[PDB]
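Next comes just one chain, in structure tokens: the form deposited in one PDB entry.
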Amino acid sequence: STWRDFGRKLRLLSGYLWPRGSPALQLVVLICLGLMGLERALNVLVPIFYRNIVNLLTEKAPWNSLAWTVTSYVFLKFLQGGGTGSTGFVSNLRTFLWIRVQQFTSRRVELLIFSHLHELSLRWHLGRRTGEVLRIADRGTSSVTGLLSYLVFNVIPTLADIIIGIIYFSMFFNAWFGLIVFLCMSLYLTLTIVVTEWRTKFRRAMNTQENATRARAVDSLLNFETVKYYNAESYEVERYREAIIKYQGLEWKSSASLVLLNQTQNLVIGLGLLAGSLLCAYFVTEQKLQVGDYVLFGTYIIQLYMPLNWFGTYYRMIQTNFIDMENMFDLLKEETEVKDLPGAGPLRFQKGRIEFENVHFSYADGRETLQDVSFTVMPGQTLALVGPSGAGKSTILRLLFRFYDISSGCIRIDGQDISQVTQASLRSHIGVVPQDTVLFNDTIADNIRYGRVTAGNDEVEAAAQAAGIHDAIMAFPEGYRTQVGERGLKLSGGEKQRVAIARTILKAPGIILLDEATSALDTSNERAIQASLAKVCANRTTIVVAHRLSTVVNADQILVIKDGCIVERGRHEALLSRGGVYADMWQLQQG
């Protein structure tokens, strides 16, 4: 069960490790593994040369062979680099080469997560805040690369190093030395495991007390006026010092525990070194070992102990790493609510009709739904989606864009149901003029060019001229290519509105879901917007949604939505003659 899941997690890590496409990175990782094996050989070979040097000195060896032996050992030591600190040539070269591989896998996972996040639905994005999602994403990617590197380069190589050391001592020394080192490692790890949990128990409550102390301090200083009112400066410093005293007590518990842990580890190392040194001294006394074996044991056992010092640090790090990785996988586990059907054919859009019929959209987490809405819009016409201020208006536009899935009913464009056609093909033929146009942190060229990435500067200039903003574009200080955005030059409502008009001009849509922004910047500017809007909406189909009544006058068909169902339909004079909510609401808003 859980072991099978762990195996799948390991399989996924293995799949992330190997570069599938690049042929050079496969050679890089193969070279890296070779360097790892070589570094293992260096660690076991250095003490043998140190023994050889000492055995040559203890006898009267000539300077000729001694010189080459000493130089060879130092070169061998230079490659190894000793224990922790001052890493050797092989380890540094292996770390230098692994940079490209870890960058490649980090980039691949980052793009996979980002593409998936954009592939989800609108409802999920409204439900969740994006900041924590980005935090989960980056933590997951860092966790994956860090966990992969640590497991392959730090844990397994050293476990092999300890096994090799035990095998060497048991074979080429008396088997007692193999027993001594085995018992030392068993005791060393067992004691570190059983003490670290005790230490972290003390560590946990320290943070909570630290957070509690400063909260009282900042609350004392924030209400400065009341403190001065009642003369409680001495009283509040006394309370602060008492909270400090408690925090100091927790600090002492944690620090004392850490000192005990270090002393226990040092003691275990000392006892193991004592047992080996005395046994080796006895055997060399009785003409069974040589003088070089004493120093070989002394150097090698310390070489074996040094890596184990960081066992606690990775133990408390690997747990956080794994939960972050699981959190990332949980993030990728989500699926799109609104899915494309297996058919997902293109769109047979020739001229473009619109037909709603008995659309009973059950809107989640909201009290505003739509019940029995049904109307048709022929090509080259209008339909004003005016009515009381409710969520049912914009729900129609977002439901026609397939932002939200149908609940009950059918949507027909040119006689084709929109559910079977793919998402992009349907969505490409729809142009929207949002309530508040959004500009990114870039120039004017690539903000107007966002409606179609493949467009030259002449084309975007013609589009700006057609919209009617080119004069302001030229009048801008930096020229046609000024910096406009949240980090750059600010623009007015009409400026961004005509940007969106230019965007939808070069989008070349078939049906426009025009929404009135009704920002009411200037009446003359509003008329200019209307003139440009008639220019961009000429000879096409629009579903104008207006919060005012000016554009409702010219609509061929005019609809009033009674909080989910259409109540009045026809023409403005006909609806004024009907004298429902239309008549008095028009009288109120006209004066």
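Between two forms, the rigid core is defined as the largest C-alpha subset superposing within 1.5 Å. Numbering starts at 1 and follows the sequence shown.
Form deposited in another entry: not shown, discussed below.
**Q** Superpose on the core and compare between the shown form and the other one; which one of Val359, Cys280, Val421, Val144 crosses the 2 Å Cα shift mark?
**A** Comparing the C-alpha positions, the one residue that moves 2 Å or more is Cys280.
**Q** Once you line up the core, how about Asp293: does its CA shift reach 2 Å between the shown form and the other one?
**A** False for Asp293: its C-alpha shift is below 2 Å.
**Q** So, does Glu334 move by 2 Å or more at the CA between the shown form and the other one, with the core held fixed?
**A** Yes, because once the rigid core is superposed, the C-alpha of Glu334 moves 2 Å or more between the shown form and the other one.
**Q** Core superposed first: is there a CA shift of 2 Å or greater at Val181 between the shown form and the other one?
**A** The answer is no; the displacement is under 2 Å.
**Q** Do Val284 and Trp176 move together or apart in the other form, judged by C-alpha distance changing 3 Å or more?
**A** Residues converge in the other form, at least 3 Å closer.
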